[PDB]
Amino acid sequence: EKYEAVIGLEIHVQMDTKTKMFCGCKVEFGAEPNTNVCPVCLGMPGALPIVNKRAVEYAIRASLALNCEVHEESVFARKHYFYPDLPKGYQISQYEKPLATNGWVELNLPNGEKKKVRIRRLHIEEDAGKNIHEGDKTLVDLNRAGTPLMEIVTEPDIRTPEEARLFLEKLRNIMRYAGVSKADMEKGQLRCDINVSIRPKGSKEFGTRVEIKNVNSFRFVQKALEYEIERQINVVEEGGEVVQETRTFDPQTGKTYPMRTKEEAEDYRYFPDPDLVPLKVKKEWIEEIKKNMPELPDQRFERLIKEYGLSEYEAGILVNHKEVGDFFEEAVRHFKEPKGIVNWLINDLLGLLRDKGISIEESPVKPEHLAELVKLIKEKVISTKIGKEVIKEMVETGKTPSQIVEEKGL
């Protein structure tokens, strides 16, 4: 191919706090419209914002996990625009003087090579509410207004639709491991806006940028990107110039579309919120969060390979789905046969749970039961043939391996 795709992403990550960013109302999914709501988060006259400490703590933790420089002073700024889901006529975020800057994420590519995607910034900001359209009216639920968000912006370091997805998957897994956010697109906990340009191969200049908004799954960002890259290459080699715009993606058609409205963006009239003093983050607090950092996926990966002698295929599975690794390690604790346990976990249990449509957190086979079953196979109490029969019913019932061995004869 003659060309090269240049891709940057803008990710909004919802923080797993109990409380909103600037008031004490609950953050929770699927409440009754306008119940978790407030003079503050409702943009009522006279109402003042108060910074959530855990929101701050989580955003520092996320910054570090993304290898960013955390800035000891940062400033909340007002971002102005008029829209029914934005109560105050402005969004409180950060601008100049964000929390974190100059970070990176490492991608592990299929071909086995590792690549870096830079994090340009991470800043703290509050969410807007949600609109529902019904007839000639819009219905506004402000339950979500003021929910804490980390806005994460990438440098245009991504080169491939697959890389874009892999980035998004790693970002999600880091957030989950760090414990800062559940980060599932399904529940609106992670949003992603895509920016993409093309470029003659090996060029250092930047091509004209198209923005694709409201792509709702990691798979859809790959699909959107797959098509858009094709679209732009067509335009350029047909002798045309690619035009700078925002576009939408239809999951049903797998295509990107320009917008009917030629509506240009308006000046945000940014300035430090005068209801708030600068966010001052002590070095001592960064140190404390750094020292007490949960274990991160790249670390866990090398640890399992060592501590348990798993293959890179095995550890990858256990690390890419954290709760599988957690299950494994709680099982290996009850019976110190790691090789046998991964086998029966990957080759047997996982597939059986998938079929019944049940997550590993909620499986009838507890780590004790798998460790126990693998014990009977190792000690030659039962055969593999019999072991595969009992695991199926373990999943079916919830009874211990020893329970059903007795109930049916050894």
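All residue numbers refer to positions in the sequence shown, first residue = 1.
The PDB entry records a higher mean C-alpha B factor for 280-288 than for its counterpart among 280-288 and 67-75. Remark: stretch with higher mean C-alpha B factor among 197-205 and 176-184 is 197-205.
The PDB entry assigns its highest CA temperature factor, among 51, 346, 44, 365, to 365. Annotation for 138, 154, 94, 248: 248 ranks highest, by Cα B-factor.
Looking at the C-alpha B-factors along this chain, the one for residue 271 belongs to the lowest third. In the deposited entry, the Cα temperature factor of residue 81 sits in the bottom third of values across the chain's modelled residues.
Ranked by C-alpha B-factor against the other modelled residues of its chain, residue 28 falls in the middle third.
Compared with the other modelled residues of the chain, the Cα B-factor recorded for residue 342 ranks in the middle third. Sort the chain's modelled residues by C-alpha temperature factor and residue 144 lands in the lowest third, per the entry.
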